[PDB]
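J.: Dropping the structure in here first, questions after.
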Amino acid sequence: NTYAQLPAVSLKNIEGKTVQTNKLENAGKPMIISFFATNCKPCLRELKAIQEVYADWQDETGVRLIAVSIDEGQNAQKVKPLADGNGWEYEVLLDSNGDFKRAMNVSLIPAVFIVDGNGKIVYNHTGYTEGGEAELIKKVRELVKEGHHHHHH
């Protein structure tokens, strides 16, 4: 099991398939969910920074990024073209209900939810706004240290 400890909400992925967040699993690797609007660039401070060093992070913890649209499906139709145009190397989710943002509470974007390798929510940082990136990598390191080699101590 490696979900994201998400509420029972039905969302739409890039494939146009109805995926429930409660059952949302990557592949046994930790996940970072970035909550962002349907038209933002500098607001995606974490997403941009992580994107640049994304391979390094995958190299280590193998963490992936989940780009989720805090909008409705009709408006979120612009999220995926953003992903393609900008050059995002991760999964993108479109909220087709608009309740997912409410369920996780998006006080201020960007909102960061980090999921541990055990598929549980380990870190939350909503609306850090600049400088928060430091905390992103820091928690990543926490996961690395917890991942002991061939042992748990």
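Each chain of the structure tokens is named A, B, ... in the order shown, its residues numbered from 1; ligands are numbered from 1 in display order.
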Compile a residue-level contact table for range 12-88 of chain A against range 105-129 of chain A at a cut-off of 9 Å, reporting for every qualifying residue the shortest atom pair and its distance in Å to one decimal, with only C-alpha atoms counted, rows ordered by chain and ascending number, as JSON lines.
T.:
{"residue": "A:25", "atom": "CA", "partner": "A:119", "partner_atom": "CA", "distance": 7.6}
{"residue": "A:26", "atom": "CA", "partner": "A:119", "partner_atom": "CA", "distance": 8.8}
{"residue": "A:28", "atom": "CA", "partner": "A:117", "partner_atom": "CA", "distance": 6.3}
{"residue": "A:29", "atom": "CA", "partner": "A:117", "partner_atom": "CA", "distance": 5.0}
{"residue": "A:30", "atom": "CA", "partner": "A:117", "partner_atom": "CA", "distance": 4.3}
{"residue": "A:31", "atom": "CA", "partner": "A:115", "partner_atom": "CA", "distance": 4.9}
{"residue": "A:32", "atom": "CA", "partner": "A:114", "partner_atom": "CA", "distance": 4.4}
{"residue": "A:33", "atom": "CA", "partner": "A:113", "partner_atom": "CA", "distance": 5.1}
{"residue": "A:34", "atom": "CA", "partner": "A:112", "partner_atom": "CA", "distance": 5.2}
{"residue": "A:35", "atom": "CA", "partner": "A:111", "partner_atom": "CA", "distance": 5.0}
{"residue": "A:36", "atom": "CA", "partner": "A:110", "partner_atom": "CA", "distance": 5.7}
{"residue": "A:37", "atom": "CA", "partner": "A:109", "partner_atom": "CA", "distance": 7.7}
{"residue": "A:43", "atom": "CA", "partner": "A:110", "partner_atom": "CA", "distance": 6.2}
{"residue": "A:44", "atom": "CA", "partner": "A:110", "partner_atom": "CA", "distance": 6.1}
{"residue": "A:45", "atom": "CA", "partner": "A:110", "partner_atom": "CA", "distance": 7.3}
{"residue": "A:46", "atom": "CA", "partner": "A:110", "partner_atom": "CA", "distance": 7.6}
{"residue": "A:47", "atom": "CA", "partner": "A:110", "partner_atom": "CA", "distance": 8.7}
{"residue": "A:61", "atom": "CA", "partner": "A:117", "partner_atom": "CA", "distance": 8.4}
{"residue": "A:63", "atom": "CA", "partner": "A:117", "partner_atom": "CA", "distance": 8.3}
{"residue": "A:70", "atom": "CA", "partner": "A:106", "partner_atom": "CA", "distance": 8.2}
J.: Pull N, CA and C atoms from the residues just selected and write them as an mmCIF file, in the first residue's frame.
T.:
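Generated file (result.cif):
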data_model
loop_
_atom_site.group_PDB
_atom_site.id
_atom_site.type_symbol
_atom_site.label_atom_id
_atom_site.label_comp_id
_atom_site.auth_asym_id
_atom_site.auth_seq_id
_atom_site.Cartn_x
_atom_site.Cartn_y
_atom_site.Cartn_z
ATOM 1 N N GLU A 25 -2.524 5.654 -5.794
ATOM 2 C CA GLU A 25 -1.199 5.143 -5.498
ATOM 3 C C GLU A 25 -0.246 5.413 -6.650
ATOM 4 N N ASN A 26 0.991 5.752 -6.320
ATOM 5 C CA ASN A 26 2.017 5.991 -7.329
ATOM 6 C C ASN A 26 2.619 4.671 -7.787
ATOM 7 N N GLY A 28 4.612 2.798 -4.848
ATOM 8 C CA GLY A 28 5.392 2.463 -3.665
ATOM 9 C C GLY A 28 6.349 3.573 -3.279
ATOM 10 N N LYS A 29 6.300 4.663 -4.023
ATOM 11 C CA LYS A 29 7.171 5.805 -3.790
ATOM 12 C C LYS A 29 6.385 6.988 -3.239
ATOM 13 N N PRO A 30 7.051 7.861 -2.454
ATOM 14 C CA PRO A 30 6.419 9.044 -1.859
ATOM 15 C C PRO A 30 5.936 10.029 -2.920
ATOM 16 N N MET A 31 4.936 10.815 -2.569
ATOM 17 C CA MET A 31 4.333 11.748 -3.509
ATOM 18 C C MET A 31 4.164 13.129 -2.899
ATOM 19 N N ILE A 32 4.269 14.151 -3.726
ATOM 20 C CA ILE A 32 4.065 15.514 -3.291
ATOM 21 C C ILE A 32 2.949 16.117 -4.119
ATOM 22 N N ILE A 33 1.903 16.548 -3.464
ATOM 23 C CA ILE A 33 0.767 17.132 -4.152
ATOM 24 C C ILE A 33 0.841 18.649 -4.090
ATOM 25 N N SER A 34 0.914 19.272 -5.254
ATOM 26 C CA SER A 34 0.954 20.712 -5.344
ATOM 27 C C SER A 34 -0.408 21.241 -5.755
ATOM 28 N N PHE A 35 -0.997 22.053 -4.901
ATOM 29 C CA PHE A 35 -2.283 22.651 -5.185
ATOM 30 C C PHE A 35 -2.069 24.006 -5.799
ATOM 31 N N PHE A 36 -2.531 24.171 -7.033
ATOM 32 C CA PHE A 36 -2.327 25.411 -7.745
ATOM 33 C C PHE A 36 -3.541 25.743 -8.616
ATOM 34 N N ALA A 37 -3.630 26.997 -9.037
ATOM 35 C CA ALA A 37 -4.757 27.464 -9.832
ATOM 36 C C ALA A 37 -4.606 27.103 -11.303
ATOM 37 N N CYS A 43 3.723 31.528 -8.821
ATOM 38 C CA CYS A 43 3.048 31.038 -7.641
ATOM 39 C C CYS A 43 3.481 29.604 -7.365
ATOM 40 N N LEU A 44 3.895 28.916 -8.424
ATOM 41 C CA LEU A 44 4.309 27.525 -8.337
ATOM 42 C C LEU A 44 5.782 27.471 -7.952
ATOM 43 N N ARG A 45 6.086 28.067 -6.813
ATOM 44 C CA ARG A 45 7.448 28.188 -6.340
ATOM 45 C C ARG A 45 8.073 26.822 -6.064
ATOM 46 N N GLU A 46 7.331 25.961 -5.394
ATOM 47 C CA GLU A 46 7.815 24.631 -5.075
ATOM 48 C C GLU A 46 7.888 23.776 -6.313
ATOM 49 N N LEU A 47 6.845 23.832 -7.112
ATOM 50 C CA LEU A 47 6.731 23.007 -8.287
ATOM 51 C C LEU A 47 7.865 23.319 -9.264
ATOM 52 N N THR A 61 14.890 9.604 -3.143
ATOM 53 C CA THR A 61 13.676 9.062 -2.553
ATOM 54 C C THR A 61 12.722 8.538 -3.607
ATOM 55 N N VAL A 63 10.636 10.300 -5.102
ATOM 56 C CA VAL A 63 9.387 11.049 -4.935
ATOM 57 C C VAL A 63 8.873 11.632 -6.268
ATOM 58 N N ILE A 70 -7.052 23.165 -8.496
ATOM 59 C CA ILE A 70 -8.020 23.592 -7.479
ATOM 60 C C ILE A 70 -9.224 24.277 -8.133
#
J.: Give the helix (DSSP H, G or I) residues of chain A, as assigned by DSSP on the backbone, as a PyMOL selection string.
T.: chain A and resi 21-23+45-52+54-60+76-86+100-104+133-146
J.: Compile the contact shell of residue 50 in chain A as a PyMOL selection string: residues with an atom at most 10 Å away, counting only C-alpha atoms, same-chain residues fewer than 6 positions apart removed.
T.: chain A and resi 32+44+56-57+64-65+133+136-137
J.: Could you name the residues that touch residue 60 in chain A at 12 Å or less, counting only C-alpha atoms, but leaving out those on the same chain fewer than 6 positions away, as an mmCIF file with C-alpha atoms, in the first residue's frame?
T.:
data_model
loop_
_atom_site.group_PDB
_atom_site.id
_atom_site.type_symbol
_atom_site.label_atom_id
_atom_site.label_comp_id
_atom_site.auth_asym_id
_atom_site.auth_seq_id
_atom_site.Cartn_x
_atom_site.Cartn_y
_atom_site.Cartn_z
ATOM 1 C CA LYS A 29 7.171 5.805 -3.790
ATOM 2 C CA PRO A 30 6.419 9.044 -1.859
ATOM 3 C CA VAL A 53 15.987 19.178 -9.418
ATOM 4 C CA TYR A 54 13.218 16.590 -9.976
ATOM 5 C CA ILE A 137 13.925 19.297 0.493
ATOM 6 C CA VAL A 140 12.657 14.768 1.686
ATOM 7 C CA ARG A 141 15.858 14.163 3.636
ATOM 8 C CA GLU A 142 13.769 13.046 6.610
ATOM 9 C CA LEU A 143 12.286 10.325 4.400
ATOM 10 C CA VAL A 144 15.773 9.315 3.227
ATOM 11 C CA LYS A 145 17.074 8.907 6.777
ATOM 12 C CA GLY A 147 14.626 4.632 4.803
#
J.: Which residues are near residue 69 in chain A? Cut-off 8 Å, only C-alpha atoms, ignore same chain within fewer than 2 positions. Put them as number ranges by chain.
T.: A: 35-38, 67, 71-72, 76, 79, 92-95
J.: Could you save the residues just selected, with C-alpha atoms, as a tab-separated table (two decimals), in the first residue's frame?
T.:
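The file below, again-v1.tsv, is the result:
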chain	number	residue	atom	x	y	z
A	35	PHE	CA	-2.28	22.65	-5.19
A	36	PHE	CA	-2.33	25.41	-7.74
A	37	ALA	CA	-4.76	27.46	-9.83
A	38	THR	CA	-5.64	27.08	-13.49
A	67	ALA	CA	-0.09	18.64	-9.89
A	71	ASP	CA	-10.69	24.37	-10.04
A	72	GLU	CA	-13.47	22.58	-11.87
A	76	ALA	CA	-8.95	22.73	-15.48
A	79	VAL	CA	-3.98	22.72	-16.63
A	92	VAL	CA	-1.47	16.14	-13.36
A	93	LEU	CA	-4.94	15.92	-11.80
A	94	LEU	CA	-7.99	17.94	-12.57
A	95	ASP	CA	-10.57	18.42	-9.83
J.: Using only C-alpha atoms, which of A:41, A:102, A:78, A:48 sits nearest residue 9 in chain A?
T.: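 Closest to residue 9 in chain A of all the choices is A:102.
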J.: What is the CA of residue 10 in chain A to CA of residue 91 in chain A distance in Å?
T.: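 Distance between the two atoms: 16.0 Å.
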J.: Please report the interatomic distance between CA of residue 87 in chain A and CA of residue 58 in chain A in Å with one decimal.
T.: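 Computing the Euclidean distance for CA of residue 87 in chain A and CA of residue 58 in chain A yields 16.6 Å.
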J.: For CA of residue 3 in chain A and CA of residue 20 in chain A, quote the distance in Å rounded to one decimal.
T.: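 Straight-line distance from CA of residue 3 in chain A to CA of residue 20 in chain A works out to 10.5 Å.
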J.: Enumerate as an mmCIF file with N, CA, C and O atoms, in the first residue's frame all residues of chain A assigned to strand (DSSP E or B) by DSSP on the backbone, naming them with the chain letters and numbers the document uses.
T.:
data_model
loop_
_atom_site.group_PDB
_atom_site.id
_atom_site.type_symbol
_atom_site.label_atom_id
_atom_site.label_comp_id
_atom_site.auth_asym_id
_atom_site.auth_seq_id
_atom_site.Cartn_x
_atom_site.Cartn_y
_atom_site.Cartn_z
ATOM 1 N N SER A 10 -13.651 11.581 -5.905
ATOM 2 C CA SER A 10 -13.399 11.124 -7.259
ATOM 3 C C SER A 10 -12.864 12.271 -8.118
ATOM 4 O O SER A 10 -13.554 13.267 -8.338
ATOM 5 N N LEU A 11 -11.640 12.122 -8.591
ATOM 6 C CA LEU A 11 -10.996 13.141 -9.403
ATOM 7 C C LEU A 11 -10.721 12.618 -10.803
ATOM 8 O O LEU A 11 -10.937 11.437 -11.089
ATOM 9 N N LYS A 12 -10.256 13.488 -11.678
ATOM 10 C CA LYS A 12 -9.973 13.094 -13.038
ATOM 11 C C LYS A 12 -8.490 13.262 -13.330
ATOM 12 O O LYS A 12 -7.921 14.330 -13.088
ATOM 13 N N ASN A 13 -7.859 12.215 -13.840
ATOM 14 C CA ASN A 13 -6.427 12.273 -14.133
ATOM 15 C C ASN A 13 -6.185 12.724 -15.566
ATOM 16 O O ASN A 13 -7.127 13.047 -16.294
ATOM 17 N N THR A 18 -11.538 8.295 -14.242
ATOM 18 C CA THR A 18 -11.986 8.654 -12.916
ATOM 19 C C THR A 18 -11.164 7.925 -11.881
ATOM 20 O O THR A 18 -11.257 6.703 -11.736
ATOM 21 N N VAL A 19 -10.362 8.667 -11.175
ATOM 22 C CA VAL A 19 -9.522 8.113 -10.162
ATOM 23 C C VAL A 19 -9.898 8.651 -8.806
ATOM 24 O O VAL A 19 -10.064 9.856 -8.622
ATOM 25 N N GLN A 20 -10.053 7.764 -7.867
ATOM 26 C CA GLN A 20 -10.406 8.158 -6.534
ATOM 27 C C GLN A 20 -9.142 8.399 -5.740
ATOM 28 O O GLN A 20 -8.222 7.584 -5.763
ATOM 29 N N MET A 31 4.936 10.815 -2.569
ATOM 30 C CA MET A 31 4.333 11.748 -3.509
ATOM 31 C C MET A 31 4.164 13.129 -2.899
ATOM 32 O O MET A 31 3.962 13.264 -1.703
ATOM 33 N N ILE A 32 4.269 14.151 -3.726
ATOM 34 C CA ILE A 32 4.065 15.514 -3.291
ATOM 35 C C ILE A 32 2.949 16.117 -4.119
ATOM 36 O O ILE A 32 3.040 16.169 -5.342
ATOM 37 N N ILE A 33 1.903 16.548 -3.464
ATOM 38 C CA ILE A 33 0.767 17.132 -4.152
ATOM 39 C C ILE A 33 0.841 18.649 -4.090
ATOM 40 O O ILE A 33 0.846 19.236 -3.000
ATOM 41 N N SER A 34 0.914 19.272 -5.254
ATOM 42 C CA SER A 34 0.954 20.712 -5.344
ATOM 43 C C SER A 34 -0.408 21.241 -5.755
ATOM 44 O O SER A 34 -0.924 20.901 -6.829
ATOM 45 N N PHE A 35 -0.997 22.053 -4.901
ATOM 46 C CA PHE A 35 -2.283 22.651 -5.185
ATOM 47 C C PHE A 35 -2.069 24.006 -5.799
ATOM 48 O O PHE A 35 -1.484 24.903 -5.151
ATOM 49 N N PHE A 36 -2.531 24.171 -7.033
ATOM 50 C CA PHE A 36 -2.327 25.411 -7.745
ATOM 51 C C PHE A 36 -3.541 25.743 -8.616
ATOM 52 O O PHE A 36 -4.382 24.876 -8.886
ATOM 53 N N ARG A 64 7.557 11.579 -6.462
ATOM 54 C CA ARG A 64 6.924 12.145 -7.649
ATOM 55 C C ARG A 64 6.047 13.324 -7.276
ATOM 56 O O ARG A 64 5.703 13.508 -6.103
ATOM 57 N N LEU A 65 5.682 14.122 -8.268
ATOM 58 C CA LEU A 65 4.853 15.285 -8.032
ATOM 59 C C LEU A 65 3.479 15.122 -8.649
ATOM 60 O O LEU A 65 3.333 14.679 -9.795
ATOM 61 N N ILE A 66 2.485 15.469 -7.881
ATOM 62 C CA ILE A 66 1.125 15.436 -8.328
ATOM 63 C C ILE A 66 0.612 16.859 -8.438
ATOM 64 O O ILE A 66 0.427 17.546 -7.430
ATOM 65 N N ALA A 67 0.404 17.306 -9.651
ATOM 66 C CA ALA A 67 -0.086 18.638 -9.894
ATOM 67 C C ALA A 67 -1.600 18.617 -9.929
ATOM 68 O O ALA A 67 -2.183 18.065 -10.847
ATOM 69 N N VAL A 68 -2.240 19.213 -8.938
ATOM 70 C CA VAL A 68 -3.692 19.165 -8.865
ATOM 71 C C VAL A 68 -4.325 20.538 -9.044
ATOM 72 O O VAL A 68 -3.890 21.547 -8.456
ATOM 73 N N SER A 69 -5.339 20.559 -9.872
ATOM 74 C CA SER A 69 -6.065 21.755 -10.195
ATOM 75 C C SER A 69 -7.144 22.008 -9.157
ATOM 76 O O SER A 69 -8.051 21.177 -8.982
ATOM 77 N N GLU A 91 2.681 13.781 -12.840
ATOM 78 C CA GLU A 91 1.263 13.552 -13.061
ATOM 79 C C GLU A 91 0.424 14.775 -12.729
ATOM 80 O O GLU A 91 0.701 15.500 -11.769
ATOM 81 N N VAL A 92 -0.604 15.004 -13.536
ATOM 82 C CA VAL A 92 -1.471 16.141 -13.363
ATOM 83 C C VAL A 92 -2.920 15.674 -13.143
ATOM 84 O O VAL A 92 -3.410 14.777 -13.830
ATOM 85 N N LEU A 93 -3.572 16.270 -12.168
ATOM 86 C CA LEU A 93 -4.940 15.924 -11.796
ATOM 87 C C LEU A 93 -5.843 17.123 -11.910
ATOM 88 O O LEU A 93 -5.472 18.240 -11.528
ATOM 89 N N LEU A 94 -7.016 16.899 -12.425
ATOM 90 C CA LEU A 94 -7.995 17.945 -12.569
ATOM 91 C C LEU A 94 -9.140 17.677 -11.609
ATOM 92 O O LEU A 94 -9.771 16.614 -11.687
ATOM 93 N N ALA A 111 -0.011 25.220 -2.165
ATOM 94 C CA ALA A 111 -0.213 24.351 -1.002
ATOM 95 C C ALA A 111 0.515 23.034 -1.209
ATOM 96 O O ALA A 111 0.348 22.391 -2.246
ATOM 97 N N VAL A 112 1.318 22.634 -0.229
ATOM 98 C CA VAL A 112 2.145 21.444 -0.367
ATOM 99 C C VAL A 112 1.730 20.343 0.595
ATOM 100 O O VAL A 112 1.717 20.537 1.812
ATOM 101 N N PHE A 113 1.412 19.195 0.045
ATOM 102 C CA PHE A 113 1.122 18.011 0.826
ATOM 103 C C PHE A 113 2.095 16.909 0.445
ATOM 104 O O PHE A 113 2.094 16.440 -0.696
ATOM 105 N N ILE A 114 2.929 16.505 1.382
ATOM 106 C CA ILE A 114 3.925 15.491 1.109
ATOM 107 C C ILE A 114 3.507 14.164 1.701
ATOM 108 O O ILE A 114 3.114 14.077 2.876
ATOM 109 N N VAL A 115 3.594 13.143 0.891
ATOM 110 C CA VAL A 115 3.220 11.814 1.266
ATOM 111 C C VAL A 115 4.460 10.947 1.409
ATOM 112 O O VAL A 115 5.305 10.916 0.524
ATOM 113 N N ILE A 121 0.168 10.788 4.640
ATOM 114 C CA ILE A 121 0.513 12.204 4.619
ATOM 115 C C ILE A 121 1.461 12.496 5.772
ATOM 116 O O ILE A 121 1.115 12.296 6.938
ATOM 117 N N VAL A 122 2.656 12.943 5.442
ATOM 118 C CA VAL A 122 3.680 13.171 6.444
ATOM 119 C C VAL A 122 3.934 14.665 6.686
ATOM 120 O O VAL A 122 4.288 15.070 7.794
ATOM 121 N N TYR A 123 3.749 15.479 5.660
ATOM 122 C CA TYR A 123 4.027 16.904 5.777
ATOM 123 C C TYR A 123 3.006 17.738 5.032
ATOM 124 O O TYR A 123 2.568 17.376 3.945
ATOM 125 N N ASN A 124 2.628 18.845 5.635
ATOM 126 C CA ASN A 124 1.713 19.790 5.024
ATOM 127 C C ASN A 124 2.207 21.202 5.231
ATOM 128 O O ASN A 124 2.574 21.583 6.345
ATOM 129 N N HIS A 125 2.245 21.957 4.162
ATOM 130 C CA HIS A 125 2.639 23.346 4.220
ATOM 131 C C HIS A 125 1.767 24.148 3.274
ATOM 132 O O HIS A 125 1.952 24.098 2.056
ATOM 133 N N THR A 126 0.821 24.875 3.816
ATOM 134 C CA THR A 126 -0.099 25.611 2.993
ATOM 135 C C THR A 126 0.240 27.102 2.989
ATOM 136 O O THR A 126 0.257 27.750 4.037
#
